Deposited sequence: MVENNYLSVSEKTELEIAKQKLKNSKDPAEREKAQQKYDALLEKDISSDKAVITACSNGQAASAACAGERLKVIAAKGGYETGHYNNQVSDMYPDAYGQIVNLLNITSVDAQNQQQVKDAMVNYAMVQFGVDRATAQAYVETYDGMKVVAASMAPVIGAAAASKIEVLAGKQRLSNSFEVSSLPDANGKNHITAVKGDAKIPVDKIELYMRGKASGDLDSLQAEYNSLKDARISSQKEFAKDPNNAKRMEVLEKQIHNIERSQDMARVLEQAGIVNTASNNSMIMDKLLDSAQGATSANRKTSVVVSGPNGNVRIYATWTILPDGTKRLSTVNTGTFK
């Protein structure tokens, strides 16, 4: 049943299944689910035909995802994965295939999450929704193929005169990035931060921060005795401050009529990328003006100059009222 797990791994898989079923500790069940999933991935990826199709840089190919699909069918939806596997031959999204990419994402989100068509469409048309959607494919088609699907959906969503692709960072973490010339924008800076979708549970951070704030008000001399107190409060304050600027930026564009659409976000990426072209360490700050039915908004950007001379967007900000 799990022909490519060692004897030890079969034992661990069974323990994970038991803890998943019997533990009254949600943290222990979450660990057990992760353990079950990691053992299943080792089983599938250790299939001899999966190895042949998925190794030496081919993990994102259609061949690789198709072999993994065959294996998963043998140890058991499959029509949603068929349209998805076919997208893995695509290298660039243009008018020929963009609707093929969109429909496969929509149809998959309906089958996988049980939502109706209109709800699936709204989910896949967002960066954060599409990240959840592609991530949910990884156990079946593999992480590299799921990552490629997220990039493909990004090229379709953000169609304009830049490309979208995935760039590794300092740790091997993928960042979906709009790229043009010698300039780069990690797209979450536009689609999340500029749209008021900064990470962090505002209400959780606010209560942890207000907790420390009252202690400092109650006895500042005592609070100051340990610099850990002021370290935690200042980091909470900054996180809260980033959310509040992120939400205020979103509302500035909102009130101007520049709402959260792919078209608007794509247009913003393209103008920012143009403004960065050929920049130098002399001036690392640029700005563009975008126009909506209710007025204009100036968007300020700061760029990091990378060692190879290209520019990567570091901060994006609007003004306020």
Review point. So which bits of the deposited chain never got modelled?
Key: 1 to 2, 79 to 92, 338
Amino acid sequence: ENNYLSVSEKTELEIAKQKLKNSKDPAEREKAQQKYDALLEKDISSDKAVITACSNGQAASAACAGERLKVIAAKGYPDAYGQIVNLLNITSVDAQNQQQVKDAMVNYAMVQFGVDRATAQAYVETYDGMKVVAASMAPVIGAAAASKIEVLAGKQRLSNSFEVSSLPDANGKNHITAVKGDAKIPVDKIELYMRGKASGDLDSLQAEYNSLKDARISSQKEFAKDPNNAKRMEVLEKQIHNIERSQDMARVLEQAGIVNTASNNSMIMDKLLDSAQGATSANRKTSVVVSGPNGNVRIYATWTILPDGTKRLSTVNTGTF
From here on, numbers count along this sequence of modelled residues.
Practice item. Report the stretch with the higher mean CA temperature factor, choosing between 80 to 88 and 97 to 105 on the basis of the entry. Key: 80 to 88
**Study point:** Mean C-alpha temperature factor, higher of 280 to 288 and 24 to 32
**Key:** 280 to 288
Review point. Which one, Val140, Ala230, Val164, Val111, has the peak C-alpha temperature factor per the PDB entry?
Key: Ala230
Revision key, fill the gap. The residue of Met249, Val187, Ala207, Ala146 with the maximal C-alpha B-factor according to the PDB record is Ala207
Check your understanding: What third of the chain, by the recorded C-alpha B-factor, contains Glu244?
Key -> middle
**Study point:** Chain-relative CA temperature factor third for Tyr193
**Key:** middle
Exercise for review: Could you say whether, by C-alpha temperature factor, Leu306 belongs to the lowest, middle or highest third of its chain?
Suggested key: highest
Practice item. For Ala122, return the chain-relative third of its C-alpha B-factor as stated in the PDB record: lowest, middle or highest. Key: middle
Check your understanding: When the modelled residues of the chain are sorted by Cα temperature factor, does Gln220 land in the lowest, middle or highest third?
Key -> highest
